[PDB]
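A.B. asks: Okay, handing you the structure first.
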Amino acid sequence: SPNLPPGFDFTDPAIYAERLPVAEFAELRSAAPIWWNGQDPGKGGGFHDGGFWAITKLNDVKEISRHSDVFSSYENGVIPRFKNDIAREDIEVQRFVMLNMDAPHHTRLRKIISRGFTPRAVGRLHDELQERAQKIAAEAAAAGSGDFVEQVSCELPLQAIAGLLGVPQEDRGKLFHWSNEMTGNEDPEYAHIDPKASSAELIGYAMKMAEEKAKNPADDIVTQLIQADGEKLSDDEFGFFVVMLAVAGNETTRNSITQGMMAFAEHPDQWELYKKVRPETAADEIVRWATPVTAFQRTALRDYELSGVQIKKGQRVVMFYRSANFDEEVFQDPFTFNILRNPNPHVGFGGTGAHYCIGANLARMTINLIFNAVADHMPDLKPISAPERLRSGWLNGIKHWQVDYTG
Amino acid sequence: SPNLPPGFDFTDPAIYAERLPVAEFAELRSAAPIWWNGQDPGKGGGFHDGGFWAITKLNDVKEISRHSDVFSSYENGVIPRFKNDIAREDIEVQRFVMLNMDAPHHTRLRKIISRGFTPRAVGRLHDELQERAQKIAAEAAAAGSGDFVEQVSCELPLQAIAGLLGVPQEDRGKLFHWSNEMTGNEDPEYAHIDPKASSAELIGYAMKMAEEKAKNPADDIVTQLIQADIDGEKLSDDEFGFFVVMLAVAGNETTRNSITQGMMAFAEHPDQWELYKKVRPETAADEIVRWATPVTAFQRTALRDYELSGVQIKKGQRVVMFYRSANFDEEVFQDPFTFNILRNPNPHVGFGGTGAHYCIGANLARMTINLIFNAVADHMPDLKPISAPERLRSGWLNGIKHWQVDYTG
Amino acid sequence: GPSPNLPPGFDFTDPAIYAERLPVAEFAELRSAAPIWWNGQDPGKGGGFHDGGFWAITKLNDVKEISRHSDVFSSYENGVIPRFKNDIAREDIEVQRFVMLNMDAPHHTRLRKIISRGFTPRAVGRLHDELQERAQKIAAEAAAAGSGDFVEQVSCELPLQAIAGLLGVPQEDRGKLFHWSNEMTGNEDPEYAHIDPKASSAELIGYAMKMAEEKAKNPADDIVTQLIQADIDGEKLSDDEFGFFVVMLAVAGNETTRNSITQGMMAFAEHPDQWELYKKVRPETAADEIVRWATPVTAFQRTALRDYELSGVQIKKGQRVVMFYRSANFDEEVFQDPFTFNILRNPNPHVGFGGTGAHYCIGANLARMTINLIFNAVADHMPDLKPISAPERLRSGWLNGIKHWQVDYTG
Ligand code: HEM
Ligand code: HEM
Ligand code: HEM
Ligand SMILES: CCOC(=O)c1cc2cc(-c3ccncc3)ccc2[nH]1
Ligand SMILES: CCOC(=O)c1cc2cc(-c3ccncc3)ccc2[nH]1
Ligand SMILES: [Cl-]
Ligand SMILES: [Cl-]
Ligand SMILES: [Cl-]
Ligand SMILES: [Cl-]
């Protein structure tokens with residue numbers, strides 16, 4: 001039995017509102033790398049099965065991710081924590097997006113959606129995103145100091161979304177608002193916000209966009225998505241595409257930027273090296289270090305033995321990427337922030353398999369462009385005060401972080 | 001060979017600004033109960049000796065505290081962490097107060113000053129602190145919501161200091177100001193306040209008090225301390241100043257943080273809060289202090305070679321007593337991670353290890369705790385927190401700067 | 001005068017030449033008929049440089065004049081290596097500006113001053129006894145094998161142990177230090193087609209920055225403490241600067257000294273009277289005649305920062321000049337009988353370590369001591385060695401390398 005407090009729950013949002021439980025994950029890797037995480041009645045964050053298998057080793061994460069035929073995303077979704085009193089109906093709605101589907105449905109959507117994440121679609125946004133990154137960093141440097149999350153981390157990921165969807169500048173303000181309103185709904189700072197209403201607004205805007213583009217086809221992703229190659233996103237599916245993209249492409253990359261800069265602030269030797277060399281390998285080490293998604297879950301569709309543990313049909317497994325990305329048997333000096341690290345087989349974008357992050361290259365470009373812009377415009381920036389973390393059971397978020405850009 | 005990241009330092013203020021390193025402390029207790037905590041050059045929080053011995057077990061904490069003739073408070077003081085660039089002299093000025101003295105100097109001062117903190121002397125403040133506690137809780141309940149630290153935790157410990165000293169009401173504002181000016185000095189929120197200057201202010205005021213009481217003796221505490229006793233012993237004028245400084249500092253943040261973290265414990269354990277409201281048990285104060293452990297760690301310096309639980313402590317080496325670890329020692333408490341306000345016996349070391357330096361204010365602190373929680377139970381029994389607390393950056397103090405709570409619930 | 005008698009399109013940096021031979025007669029033809037000569041290069045055939053060609057510098061006095069006028073002849077503008085793979089990306093040339101070799105003043109001046117703390121005569125002399133011990137063991141191990149690859153069993157190890165000893169690299173880490181060092185060069189030869197110098201450099205820098213951090217806490221007697229402790233003016237190598245220093249060393253003092261050893265013994269095998277004299281007298285002047293004969297760095301380049309007239313030839317701003325040390329070290333106007341291998345040659349003003357000036361090899365005396373120590377050990381343990389077959393040369397446009405050389409140590 002691992003040396004943990006009685007009743008300890010790795011999906012407890014109260015933990016992540018304070019800290020990442022690095023030491024507790026290290027104890028699991030050392031003493032029980034696949035450990036049953038029991039959950040008292042009504043304290044399962046919306047699931048009522050008594051607990052889940054905590055997965056803490058990178059190889060087990062990869063095994064679960066590659067065996068999607070067995071470990072299902074559709075069955076219970078991939079988010080392993082909601083409000084304890086959430087309604088099952090409000091969990092199953094997740095199934096309307098590609099992330100929480102199984103083959104064959106998922107296979108079909110994935111193939112169509114790939115049209116929007118080709119090296120062309122991504123690479124074409126480089127010049128505008130580079131321009132926007134440089135302006136953002138310039139604006140922050142002129143301000144002298146402020147909330148790094150709002151002034152440096154937030155905009156560029158959202159502009160990458162808008163650019164990819166070809167959203168007109170006039171509607172980006174409201175688009176960004178709706179996207180943000182579906183973030184951090186479990187944290188008291190946002191407890192007054194109705195995310196269901198914002199999702200309905202996004203779906204609506206997405207439909208006008210798809211209908212408008214059907215009548216006026218152009219050389220851009222949305223038209224490629226509603227156009228038939230005879231496979232094409234249905235009007236509805238395109239709305240759920242936008243919702244999923246407005247959500248998946250926002251907080252995760254944002255939080256990679258905040259926590260990457262926190263890493264640089266704590267390891268100035270790495271910041272001095274970065275500013276000189278600008279290594280393209282930095283983005284992956286920032287994603288490994290930041291692990292913006294702490295965990296996604298799966299559900300066993302049949303009995304499966306994983307590293308000597310008998311997982312039973314119907315049981316949940318929770319893949320703790322935050323643990324796996326510091327696996328002492330995979331990484332040399334996992335607790336060293338090393339922007340030259342290469343190869344870097346982290347699972348911050350998930351394990352290799354059917355659901356691997358389709359936006360990983362877009363995320364890497366966003367990260368490299370903003371940090372290049374930070375190095376260009378505020379090379380001497382230093383933190384003012386401690387970051388404020390997000391209350392979430394599965395997202396690793398930084399809400400606010402005060403920084404002095406002039407140093 | 002504990003399972004810790006390379007370079008981990010248990011006195012690193014950056015840790016405590018975020019969290020209490022509970023799991024890391026537990027790993028030491030399990031795999032290396034006495035462990036050399038190496039510190040790089042220039043990262044010893046004012047000390048330049050390569051590191052210190054981490055003490056994580058309760059019996060070890062007590063053995064060190066009982067053997068004060070070996071483990072000195074004077075050689076390097078008891079605070080284990082300052083700003084890295086602190087001058088040595090600024091560390092050595094600590095020795096002017098009882099806490100950082102060794103026998104025989106300490107023995108005499110403790111004998112004289114203890115007269116002001118007896119059960120009787122403490123009991124004298126009960127009524128005025130009870131009335132104040134009730135008013136504090138009423139005024140907070142009426143505000144509906146706010147920062148629990150400021151509205152409930154901060155004032156009553158300061159009024160206990162002023163009451164013990166007999167400070168006129170008109171002077172309490174500036175007394176509280178200088179007392180707080182010597183707090184939160186390693187945290188960016190209060191990085192712009194000078195401790196040494198304020199200590200001079202406190203000392204100057206104490207001189208005016210001693211000078212006045214020599215002219216108009218009264219039946220209070222300042223007069224007793226400046227009056228020769230039956231054995232011809234008394235605090236000198238300088239000694240009285242450092243007593244006020246010691247009191248103004250020692251009676252403030254620690255009790256404040258026991259109240260804040262006691263209420264946090266109650267909020268995370270609603271069954272215990274219901275029991276407290278119904279029963280108001282006399283064991284709750286000690287369990288609150290065990291859970292809060294407001295002083296995370298105090299240090300000693302070995303005056304000679306000493307073998308401690310099979311480890312060889314060499315002369316000149318520092319040992320750091322981590323009360324935060326000892327108070328959750330699984331061998332002493334069967335269920336340390338249970339918050340049990342009926343815990344009895346409760347051999348916690350929140351007030352230190354028994355010995356020559358055991359907190360003389362423990363009875364005063366327990367009364368302050370009991371009075372304010374009785375008042376909270378009376379006036380806002382349904383309070384619940386709004387947002388997460390904001391912790392204090394410090395290498396040895398366990399502090400909560402702010403905590404928003406809905407008193408009405 | 002007439003044009004030099006060279007094949008049309010001949011390129012003195014062509015790696016395909018050096019994989020087979022040293023172009024000795026071609027260099028001699030330039031010295032006689034066109035001592036400063038425009039080496040044209042066809043589109044896409046410039047080894048990473050796309051400017052139409054360069055000036056071939058073949059006379060020792062011209063090499064010295066360029067090396068001394070570093071204010072005009074820049075190392076930083078295009079780096080000093082004159083040949084990479086034809087398709088190398090410009091960004092992969094410019095990243096090499098982070099080592100001291102490819103820096104101009106004032107950045108070069110500061111770094112060299114700091115680095116000098118690690119190459120004092122005292123620091124290098126402190127390595128004499130350990131390197132002597134290891135040389136004798138190397139030669140004894142080789143002789144006990146009876147026959148084998150002289151490059152691998154005699155030439156390779158001592159230069160790497162010199163680097164390791166200078167830096168104070170623990171014994172358990174020397175294996176990977178040596179691996180990283182060997183992965184830095186040769187990538188144009190089919191034998192090394194799979195090496196990744198970018199990756200090697202990154203792993204070395206990461207290792208080196210960790211060592212810098214560790215050795216700040218516990219200072220040792222190596223040069224690392226000297227390099228990373230600030231002086232009065234606060235001058236010291238940063239951790240990443242120490243990393244680029246280690247990269248520079250792992251490169252600059254590995255294959256160069258190795259190839260001096262291999263070609264020194266190649267020369268002794270062709271000149272047995274010199275070998276008999278060496279065994280008898282053990283003259284340390286041999287090390288400099290060996291470096292002159294071996295010229296392990298065939299050529300380094302510079303770039304003109306302004307128009308400059310050099311021995312009657314108008315060099316134009318922006319043009320590259322390539323200093324062919326291999327030609328200058330056989331310059332008939334400086335050396336008496338340059339094509340005689342003479343281990344007593346004295347004075348021996350060769351430019352195998354470069355021309356005097358700002359970038360002159362800081363490791364020259366460590367190199368000479370390594371050479372004298374290994375050849376004493378070879379003389380002591382295999383005085384009768386004899387080659388079995390012909391050396392295999394390295395495909396490089398600027399390094400004069402021997403990959404393999406089979407020899408019978410017992411004779
Ligand atoms: C650092 C930034 C990001 C991180 C850490 C991240 C993380 C992840 C993870 C862990 C998964 C699921 C892995 C699995 O279950 O196998 C995933 C999938 C996904 N990601 Fe990301 N992501 C990032 C950026 C983005 C961006 C920028 C986009 C869109 C612009 C995006 C869109 C998606 C989508 C649509 C999926 C579902 C794929 C599927 O179900 O087939 N992500 N991402
Ligand atoms: C919850 C509240 C408090 C806590 C957690 C606490 C904690 C401690 C601890 C752990 C020590 C041990 C010193 C050592 O062994 O090195 C100590 C000593 C001391 N405390 Fe407290 N204390 C509290 C309240 C107070 C109050 C209210 C006062 C005075 C009004 C006070 C005055 C002192 C003094 C003077 C000493 C030094 C005694 C000596 O050196 O003989 N403390 N305290
Ligand atoms: C026979 C062996 C060697 C040869 C033929 C050689 C050759 C050279 C040459 C030609 C230069 C450039 C000089 C110039 O541009 O003026 C140089 C520079 C350099 N060498 Fe050596 N070298 C040898 C051994 C070593 C060793 C053993 C070390 C150190 C362990 C070393 C370290 C360096 C460094 C750091 C530079 C750069 C100096 C600067 O740019 O200021 N070399 N070497
Ligand atoms: C109920 C649905 O709404 C959410 O609760 C929510 C889903 C979600 C997904 C990501 C994500 C997924 C894959 N790749 C990157 C990011 C991020 C935040 C999310 N929130
Ligand atoms: C840490 C950043 O990475 C580098 O320091 C780096 C080294 C390096 C070497 C070459 C190279 C050298 C010789 N021959 C061909 C290529 C190219 C790029 C490089 N980058
Ligand atoms: Cl000092
Ligand atoms: Cl108990
Ligand atoms: Cl340039
Ligand atoms: Cl000569």
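Each chain in the structure tokens gets a letter, A, B, ..., in the order shown, and its residues are numbered from 1; ligands are numbered from 1 in order too.
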Leaving out residue 319 in chain C and any residue of its chain fewer than 4 positions from it, which residues lie within 9 Å of it when counting only C-alpha atoms, given as a compact mmCIF listing (two decimals) with N, CA and C atoms, in the first residue's frame?

C.D. replies:
```txt
# COMPACT_ATOMS: atom_id res chain seq x y z
N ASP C 51 28.62 32.02 -52.73
CA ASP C 51 29.15 33.31 -53.13
C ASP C 51 30.07 33.21 -54.34
N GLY C 53 32.77 31.36 -54.84
CA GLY C 53 34.08 30.82 -54.60
C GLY C 53 34.82 31.61 -53.54
N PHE C 54 36.14 31.46 -53.54
CA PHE C 54 36.97 32.04 -52.50
C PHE C 54 38.39 32.18 -53.01
N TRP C 55 39.18 32.95 -52.27
CA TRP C 55 40.60 33.10 -52.54
C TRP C 55 41.39 32.03 -51.80
N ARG C 302 38.47 32.93 -43.48
CA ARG C 302 38.03 34.19 -42.92
C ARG C 302 37.21 34.91 -43.99
N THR C 303 36.53 35.98 -43.59
CA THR C 303 35.75 36.81 -44.50
C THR C 303 36.21 38.26 -44.36
N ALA C 304 36.51 38.90 -45.49
CA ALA C 304 36.96 40.29 -45.45
C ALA C 304 35.82 41.22 -45.06
N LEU C 305 36.05 42.05 -44.05
CA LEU C 305 35.09 43.05 -43.63
C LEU C 305 35.21 44.34 -44.41
N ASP C 307 37.54 45.99 -48.19
CA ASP C 307 38.56 45.82 -49.20
C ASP C 307 39.94 45.80 -48.56
N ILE C 315 41.58 41.95 -52.41
CA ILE C 315 40.48 41.24 -51.76
C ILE C 315 39.32 42.21 -51.57
```

A.B. asks: Pick out the residues sitting within 8 Å of residue 322 in chain A, and hand them over as a ChimeraX atom specification; count only C-alpha atoms, and ignore anything fewer than 2 positions along from it in its own chain.

C.D. replies: /A:291,293-295,320,324-326,348

A.B. asks: Taking only C-alpha atoms into account, what are the residues of chain C at most 12 Å from chain B, put as a PyMOL selection string?

C.D. replies: chain C and resi 213-219

A.B. asks: Determine, counting only C-alpha atoms, which protein, DNA and RNA residues have an atom within 7 Å of an atom of residue 73 in chain B; residues of the same chain fewer than 6 positions away are not included. Present the result as a PyMOL selection string.

C.D. replies: chain B and resi 100-102+300-301

A.B. asks: What lies within 12 Å of residue 378 in chain A using only C-alpha atoms, ignoring chain neighbours under 5 positions off, as a VMD selection string?

C.D. replies: chain A and resid 134 136 to 145 148 152 261 271 275 370 to 373 403 to 407

A.B. asks: Selection from above, N, CA, C and O atoms, as an mmCIF file, in the first residue's frame, can you write it?

C.D. replies:
```cif
data_model
loop_
_atom_site.group_PDB
_atom_site.id
_atom_site.type_symbol
_atom_site.label_atom_id
_atom_site.label_comp_id
_atom_site.auth_asym_id
_atom_site.auth_seq_id
_atom_site.Cartn_x
_atom_site.Cartn_y
_atom_site.Cartn_z
ATOM 1 N N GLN A 134 4.500 39.105 -31.767
ATOM 2 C CA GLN A 134 5.405 40.234 -31.568
ATOM 3 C C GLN A 134 4.664 41.451 -31.025
ATOM 4 O O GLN A 134 5.173 42.155 -30.145
ATOM 5 N N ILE A 136 1.849 41.359 -29.237
ATOM 6 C CA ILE A 136 1.442 41.054 -27.870
ATOM 7 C C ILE A 136 2.590 41.313 -26.907
ATOM 8 O O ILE A 136 2.425 41.973 -25.874
ATOM 9 N N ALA A 137 3.774 40.790 -27.230
ATOM 10 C CA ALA A 137 4.929 40.978 -26.360
ATOM 11 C C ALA A 137 5.332 42.444 -26.288
ATOM 12 O O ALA A 137 5.732 42.933 -25.224
ATOM 13 N N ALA A 138 5.256 43.157 -27.414
ATOM 14 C CA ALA A 138 5.552 44.586 -27.394
ATOM 15 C C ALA A 138 4.585 45.315 -26.472
ATOM 16 O O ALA A 138 4.996 46.111 -25.621
ATOM 17 N N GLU A 139 3.290 45.031 -26.613
ATOM 18 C CA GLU A 139 2.298 45.659 -25.749
ATOM 19 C C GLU A 139 2.580 45.365 -24.281
ATOM 20 O O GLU A 139 2.463 46.253 -23.429
ATOM 21 N N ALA A 140 2.968 44.131 -23.966
ATOM 22 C CA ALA A 140 3.244 43.782 -22.578
ATOM 23 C C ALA A 140 4.461 44.544 -22.060
ATOM 24 O O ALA A 140 4.441 45.092 -20.950
ATOM 25 N N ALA A 141 5.534 44.599 -22.861
ATOM 26 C CA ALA A 141 6.732 45.333 -22.460
ATOM 27 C C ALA A 141 6.432 46.811 -22.230
ATOM 28 O O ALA A 141 6.988 47.431 -21.316
ATOM 29 N N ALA A 142 5.570 47.401 -23.061
ATOM 30 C CA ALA A 142 5.218 48.805 -22.875
ATOM 31 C C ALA A 142 4.451 49.015 -21.578
ATOM 32 O O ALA A 142 4.579 50.067 -20.940
ATOM 33 N N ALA A 143 3.650 48.027 -21.178
ATOM 34 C CA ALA A 143 2.922 48.117 -19.922
ATOM 35 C C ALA A 143 3.845 48.015 -18.717
ATOM 36 O O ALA A 143 3.465 48.440 -17.622
ATOM 37 N N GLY A 144 5.045 47.470 -18.888
ATOM 38 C CA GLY A 144 6.002 47.415 -17.802
ATOM 39 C C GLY A 144 5.808 46.245 -16.859
ATOM 40 O O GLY A 144 6.785 45.646 -16.404
ATOM 41 N N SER A 145 4.560 45.911 -16.548
ATOM 42 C CA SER A 145 4.271 44.815 -15.631
ATOM 43 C C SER A 145 2.773 44.545 -15.679
ATOM 44 O O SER A 145 2.000 45.339 -16.217
ATOM 45 N N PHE A 148 0.693 38.223 -16.357
ATOM 46 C CA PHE A 148 1.260 37.515 -17.502
ATOM 47 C C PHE A 148 0.218 36.662 -18.210
ATOM 48 O O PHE A 148 0.258 36.515 -19.438
ATOM 49 N N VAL A 152 0.109 37.936 -21.932
ATOM 50 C CA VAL A 152 1.055 37.231 -22.786
ATOM 51 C C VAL A 152 0.506 35.870 -23.192
ATOM 52 O O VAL A 152 0.709 35.427 -24.326
ATOM 53 N N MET A 261 6.989 29.786 -18.873
ATOM 54 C CA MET A 261 7.663 30.965 -18.344
ATOM 55 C C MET A 261 7.975 30.809 -16.860
ATOM 56 O O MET A 261 9.038 31.245 -16.402
ATOM 57 N N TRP A 271 16.762 29.920 -19.369
ATOM 58 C CA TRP A 271 16.299 31.129 -20.054
ATOM 59 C C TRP A 271 17.441 31.811 -20.802
ATOM 60 O O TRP A 271 17.263 32.267 -21.936
ATOM 61 N N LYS A 275 17.294 32.247 -24.860
ATOM 62 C CA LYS A 275 17.374 33.527 -25.559
ATOM 63 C C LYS A 275 18.461 33.503 -26.628
ATOM 64 O O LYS A 275 18.306 34.120 -27.687
ATOM 65 N N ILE A 370 5.411 32.744 -29.351
ATOM 66 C CA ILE A 370 5.254 33.660 -28.225
ATOM 67 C C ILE A 370 6.542 33.732 -27.411
ATOM 68 O O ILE A 370 6.969 34.817 -27.003
ATOM 69 N N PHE A 371 7.217 32.603 -27.199
ATOM 70 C CA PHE A 371 8.451 32.682 -26.421
ATOM 71 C C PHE A 371 9.553 33.385 -27.202
ATOM 72 O O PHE A 371 10.356 34.116 -26.610
ATOM 73 N N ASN A 372 9.603 33.201 -28.522
ATOM 74 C CA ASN A 372 10.521 34.009 -29.318
ATOM 75 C C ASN A 372 10.201 35.488 -29.161
ATOM 76 O O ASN A 372 11.107 36.318 -29.036
ATOM 77 N N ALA A 373 8.912 35.832 -29.124
ATOM 78 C CA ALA A 373 8.523 37.230 -28.964
ATOM 79 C C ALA A 373 8.842 37.741 -27.561
ATOM 80 O O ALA A 373 9.272 38.889 -27.400
ATOM 81 N N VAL A 403 3.913 39.648 -13.186
ATOM 82 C CA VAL A 403 5.283 39.648 -13.682
ATOM 83 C C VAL A 403 5.735 41.067 -13.995
ATOM 84 O O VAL A 403 4.937 41.924 -14.387
ATOM 85 N N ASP A 404 7.040 41.307 -13.818
ATOM 86 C CA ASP A 404 7.685 42.580 -14.140
ATOM 87 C C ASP A 404 8.478 42.402 -15.433
ATOM 88 O O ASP A 404 9.503 41.715 -15.451
ATOM 89 N N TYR A 405 8.009 43.029 -16.514
ATOM 90 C CA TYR A 405 8.587 42.766 -17.829
ATOM 91 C C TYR A 405 9.928 43.459 -18.029
ATOM 92 O O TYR A 405 10.773 42.948 -18.771
ATOM 93 N N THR A 406 10.143 44.606 -17.382
ATOM 94 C CA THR A 406 11.390 45.336 -17.568
ATOM 95 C C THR A 406 12.520 44.767 -16.718
ATOM 96 O O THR A 406 13.692 44.886 -17.093
ATOM 97 N N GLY A 407 12.197 44.161 -15.580
ATOM 98 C CA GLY A 407 13.202 43.566 -14.720
ATOM 99 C C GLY A 407 14.165 44.576 -14.128
ATOM 100 O O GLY A 407 13.750 45.530 -13.471
#
```

A.B. asks: Using only C-alpha atoms and all ligand atoms, what are the residues with an atom within 8 Å of ligand 5, set out as a list in words?

C.D. replies: residues 277, 279 and 340 of chain A; 84, 85, 88, 91, 92, 93, 95, 96, 98, 184, 185, 186, 187, 196, 197, 198, 199, 200, 201, 202, 203, 205 and 244 of chain C

A.B. asks: What's the 12 Å shell around residue 219 in chain B, counting only C-alpha atoms, without same-chain residues fewer than 6 positions away, as a VMD selection string?

C.D. replies: chain B and resid 121 164 to 166 213 225 to 227

A.B. asks: Selected residues, N, CA, C and O atoms, written as a PDB file, in the first residue's frame, please.

C.D. replies:
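Result saved to again.pdb:
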```pdb
ATOM      1  N   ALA B 121      -2.446  34.859  35.794  1.00  0.00           N
ATOM      2  CA  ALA B 121      -2.250  36.076  35.015  1.00  0.00           C
ATOM      3  C   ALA B 121      -2.999  36.000  33.692  1.00  0.00           C
ATOM      4  O   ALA B 121      -3.596  36.987  33.246  1.00  0.00           O
ATOM      5  N   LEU B 164      -2.260  42.317  28.120  1.00  0.00           N
ATOM      6  CA  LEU B 164      -1.221  41.867  29.035  1.00  0.00           C
ATOM      7  C   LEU B 164      -0.298  43.022  29.404  1.00  0.00           C
ATOM      8  O   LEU B 164       0.121  43.148  30.559  1.00  0.00           O
ATOM      9  N   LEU B 165      -0.006  43.900  28.445  1.00  0.00           N
ATOM     10  CA  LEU B 165       0.906  45.007  28.685  1.00  0.00           C
ATOM     11  C   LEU B 165       0.233  46.231  29.289  1.00  0.00           C
ATOM     12  O   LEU B 165       0.935  47.098  29.823  1.00  0.00           O
ATOM     13  N   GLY B 166      -1.092  46.334  29.216  1.00  0.00           N
ATOM     14  CA  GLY B 166      -1.772  47.503  29.745  1.00  0.00           C
ATOM     15  C   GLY B 166      -1.642  48.738  28.881  1.00  0.00           C
ATOM     16  O   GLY B 166      -1.654  49.860  29.402  1.00  0.00           O
ATOM     17  N   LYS B 213       6.131  53.696  34.559  1.00  0.00           N
ATOM     18  CA  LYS B 213       5.769  52.809  35.659  1.00  0.00           C
ATOM     19  C   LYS B 213       6.735  52.948  36.832  1.00  0.00           C
ATOM     20  O   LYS B 213       6.362  52.665  37.976  1.00  0.00           O
ATOM     21  N   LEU B 225       7.570  43.577  36.350  1.00  0.00           N
ATOM     22  CA  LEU B 225       8.800  43.217  35.655  1.00  0.00           C
ATOM     23  C   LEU B 225       9.916  44.219  35.923  1.00  0.00           C
ATOM     24  O   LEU B 225      11.092  43.840  35.949  1.00  0.00           O
ATOM     25  N   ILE B 226       9.571  45.496  36.122  1.00  0.00           N
ATOM     26  CA  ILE B 226      10.573  46.525  36.397  1.00  0.00           C
ATOM     27  C   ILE B 226      10.800  46.727  37.888  1.00  0.00           C
ATOM     28  O   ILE B 226      11.770  47.399  38.269  1.00  0.00           O
ATOM     29  N   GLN B 227       9.949  46.158  38.739  1.00  0.00           N
ATOM     30  CA  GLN B 227      10.128  46.202  40.184  1.00  0.00           C
ATOM     31  C   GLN B 227      10.999  45.043  40.643  1.00  0.00           C
ATOM     32  O   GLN B 227      10.810  43.903  40.211  1.00  0.00           O
TER      33      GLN B 227
END
```

A.B. asks: With only C-alpha atoms and all ligand atoms counted, collect every polymer residue having an atom within 6 Å of ligand 4; state the result as a PyMOL selection string.

C.D. replies: chain A and resi 94+247-249+252

A.B. asks: For CA of residue 19 in chain B and CA of residue 59 in chain B, determine how far apart the two atoms are, in Å to one decimal place.

C.D. replies: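 One can read the CA of residue 19 in chain B to CA of residue 59 in chain B distance as 25.0 Å.
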
A.B. asks: Pick out the residues sitting within 9 Å of residue 184 in chain A, and hand them over as number ranges by chain; count only C-alpha atoms, and ignore anything fewer than 4 positions along from it in its own chain.

C.D. replies: A: 180, 188-191, 251, 390-392, 395, 397, 399

A.B. asks: What residues have any atom no more than 10 Å from ligand 8 when counting only C-alpha atoms and all ligand atoms, and can you list them as a VMD selection string?

C.D. replies: chain C and resid 76 to 78 90 to 91 94 97
